[PDB]
Amino acid sequence: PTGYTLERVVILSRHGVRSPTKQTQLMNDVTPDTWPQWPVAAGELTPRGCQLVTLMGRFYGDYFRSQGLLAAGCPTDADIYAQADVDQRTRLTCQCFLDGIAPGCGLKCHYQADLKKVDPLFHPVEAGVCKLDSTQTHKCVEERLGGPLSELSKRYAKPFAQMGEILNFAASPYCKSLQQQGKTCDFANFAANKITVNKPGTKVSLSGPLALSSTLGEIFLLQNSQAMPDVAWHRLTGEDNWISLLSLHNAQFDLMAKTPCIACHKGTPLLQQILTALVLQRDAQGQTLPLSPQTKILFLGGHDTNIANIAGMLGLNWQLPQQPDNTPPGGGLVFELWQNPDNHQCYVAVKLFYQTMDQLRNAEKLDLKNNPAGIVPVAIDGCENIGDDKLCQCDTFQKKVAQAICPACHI
């Protein structure tokens, strides 16, 4: 392909750097050391996180103005529609994105007015739109894993041991308590890995060593991206060691968010919204936003779980050079609508836009030439994956979406 036009873009972005959501007794008990405190209330976007999102917004601006999808200077109000989930961290991310892609332009983000309820676009199962069946969910998650959860200790032996050494787990209150019971302090096996669906089927949670290690690995990465001086007690260094440690986090997201029998239910509203916005089908099912015919970019301010759900539904898999989290802070799953001017056949392309560990930690100015954001084209399962942009035919893509959705989970 050559000479195709970029007609429209949807950005499903993760929020930027946040403080940890929770500090449980388990998280304190698995290390003798003290977790460093954060300058912002639990779960909120940090000011540094906003600055990093704004830097990414400036890159998105340079990139799409180079393409021409965005004109020079301030975008209009019809050009960009930005919708955020109800969390503070997503709402502020959305505004910091606009401040970077349209600096001093006074663009405004939109969100569900009732902040005391989840937004079913981003959390339809939690919202009660559709329910998970526990029996089915245990069966199909084991099928995706390819064995019982007890195999995780062996599949991830080295990263689990690596995490225990970072935590100094052998000297921790939890280990001391295990030794009181005559058990050993094998961090990979400190407890069973367990999946629990709640009684109404509105929540599914993994707990145990993989879940904890995914949480703590993300915290270390957030510490690093926040530019904290002491990351993981200075016991985590080397890009090789970051990649292996965060493989626990990525594996947890694969199992609990990319498995289609969970992803289908949690991700159907977002997938319908992405699809209908990309082709600008303004009154199709799943198109809930007041999009103009002139819409050029739809920004969706969501979570790593949302990105992973969409990836599981579409069969997307990627690895990010110099970014060990597959769903990193402020990273965007970007959908492009490309059109052939000769016949007006359209195509869908998917890219993961992200900042590297150094780009985050050093708050680096991004630019098209010298220091661009990372951009990874992503192959789509069942798609034609044509050329450098891995293009999928519009009709092929719509067929895949139709097969992937759980239609009872629409809004």
Side-chain angles (χ1 to χ4, degrees), residues 11-23 27 35-60 82 84-101 109 111 122 213-234 236-237 239 242-243 245-246 248-250 252-253 257 299-308 320-334 352-366 371 373-374:
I11 302 167
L12 172 62
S13 173
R14 189 177 174 209
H15 55 73
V17 173
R18 52 148 176 95
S19 55
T21 38
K22 186 35 156 73
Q23 198 65 37
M27 292 164 60
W35 290 95
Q37 301 275 90
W38 283 67
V40 185
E44 295 214 327
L45 189 81
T46 68
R48 177 55 122 62
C50 172
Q51 295 151 24
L52 295 172
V53 170
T54 294
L55 291 167
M56 190 58 202
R58 285 177 187 278
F59 181 77
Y60 281 132
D85 199 7
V86 293
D87 301 75
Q88 184 270 353
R89 57 182 176 271
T90 45
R91 286 184 286 111
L92 192 52
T93 292
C94 185
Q95 191 54 57
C96 304
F97 157 83
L98 295 170
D99 299 337
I101 201 170
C109 192
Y111 47 88
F122 297 90
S213 295
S214 164
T215 296
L216 302 190
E218 180 68 15
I219 287 173
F220 297 148
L221 179 81
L222 285 166
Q223 289 173 351
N224 196 258
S225 309
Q226 179 66 19
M228 294 185 98
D230 320 319
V231 175
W233 307 284
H234 307 275
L236 176 60
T237 170
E239 167 172 10
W242 277 99
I243 291 165
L245 194 77
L246 268 292
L248 293 164
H249 175 82
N250 290 330
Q252 184 263 314
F253 269 73
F299 176 96
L300 293 161
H303 307 265
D304 48 16
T305 66
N306 299 131
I307 289 169
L320 314 175
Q322 287 76 67
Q323 180 43 257
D325 181 0
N326 284 344
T327 43
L333 187 62
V334 177
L352 189 95
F353 282 63
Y354 69 98
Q355 285 144 299
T356 66
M357 291 201 64
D358 290 337
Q359 284 170 343
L360 297 163
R361 183 157 175 88
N362 300 330
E364 302 186 346
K365 267 163 170 164
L366 309 170
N371 195 25

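Numbers here are sequence positions counted from 1.
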Review point. Under 4.5 Å between any side-chain heavy atoms of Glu218 and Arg18, yes or no?
Key: yes
Review point. Which atom names give the shortest non-hydrogen contact between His234 and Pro229, and what distance separates them?
Key: CE1-O, 3.3 Å
Check your understanding: In this structure, which one of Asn326, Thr215, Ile219, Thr327 forms a side chain to side chain contact (heavy atoms under 4.5 Å, CB included) with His249?
Key -> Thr327
**Study point:** Min side-chain heavy-atom separation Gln226-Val231 under 4.5 Å
**Key:** no
Exercise for review: Go through the steps to decide whether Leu366 and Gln359 satisfy the test side chain to side chain contact (heavy atoms under 4.5 Å, CB included), and finish with yes or no.
Suggested key: CA-CA 8 Å; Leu366 309 170; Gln359 284 170 343; 3.7 Å; yes
Point to revise | Pairwise distance CZ(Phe220) to CG(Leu246) - rounded to 0.5 angstrom | key: 10.0 Å
Review point. What's the spacing between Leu45 CG and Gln51 CD if we round to 0.5 Å?
Key: 9.5 Å
Check your understanding: Would you say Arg58's side chain and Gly100's backbone share a donor-acceptor pair under 3.5 angstrom?
Key -> no
Check your understanding: What are the two closest heavy atoms between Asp85 and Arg91, and how far apart are they?
Key -> O-CG, 3.4 Å
Point to revise | Derivation of the side chain to side chain contact (heavy atoms under 4.5 Å, CB included) call for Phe59 and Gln355 | key: CA-CA 10 Å; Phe59 181 77; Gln355 285 144 299; over 6 Å; no
Point to revise | Note, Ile11 side chain near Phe97 side chain (heavy atom, < 4.5 Å) | key: yes
Review point. Would you say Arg89's side chain and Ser19's backbone share a donor-acceptor pair under 3.5 angstrom?
Key: no
Point to revise | For the student: nearest non-hydrogen atoms of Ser225 and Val17, plus distance | key: CB-CG2, 3.7 Å
Point to revise | Side chain proximity check, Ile307 to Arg14, heavy atoms < 4.5 angstrom | key: yes
Review point. Do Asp87 and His15 have a side chain donor and acceptor closer than 3.5 Å?
Key: no
Review point. So, the side chain of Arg361 versus the backbone of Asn224: is there a donor-acceptor pair under 3.5 Å, distance only?
Key: yes
Review point. Do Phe299 and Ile101 come within less than 4.5 Å of each other through their side chains, counting heavy atoms only?
Key: no
Practice item. Report the distance from atom CD of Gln88 to atom OH of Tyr111, rounding to the nearest 0.5 Å. Key: 11.0 Å
**Study point:** Min side-chain heavy-atom separation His303-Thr90 under 4.5 Å
**Key:** yes
Review point. Strictly by modelled atom types, are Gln322 and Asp358 linked by a side-chain donor-acceptor pair under 3.5 Å?
Key: no
Revision key, fill the gap. Output for pair (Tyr354 OH, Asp325 CG), nearest 0.5 Å, gives 12.0 Å
Check your understanding: What closest approach, in Å, do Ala84 and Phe122 show between heavy atoms, and which atom pair accounts for it?
Key -> C-CE1, 3.9 Å
Exercise for review: For the residue pair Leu221 and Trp242, establish whether any side-chain heavy-atom pair is separated by less than 4.5 Å.
Suggested key: yes
Check your understanding: Can you tell me how far the OG1 atom of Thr46 sits from the CG atom of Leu92, to the nearest 0.5 Å?
Key -> 9.0 Å
Review point. About how many Å separate SG of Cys96 and CE of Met56, when rounded to the nearest 0.5 Å?
Key: 14.0 Å
Revision key, fill the gap. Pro324 and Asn250 have their tightest heavy-atom pair at O-ND2, 2.9 Å
Point to revise | Close side-chain approach of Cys109 and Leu98, heavy atoms under 4.5 Å | key: yes
Practice item. Return the minimal non-hydrogen interatomic distance between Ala363 and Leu52, and the atom names on each side. Key: CA-CD2, 3.6 Å
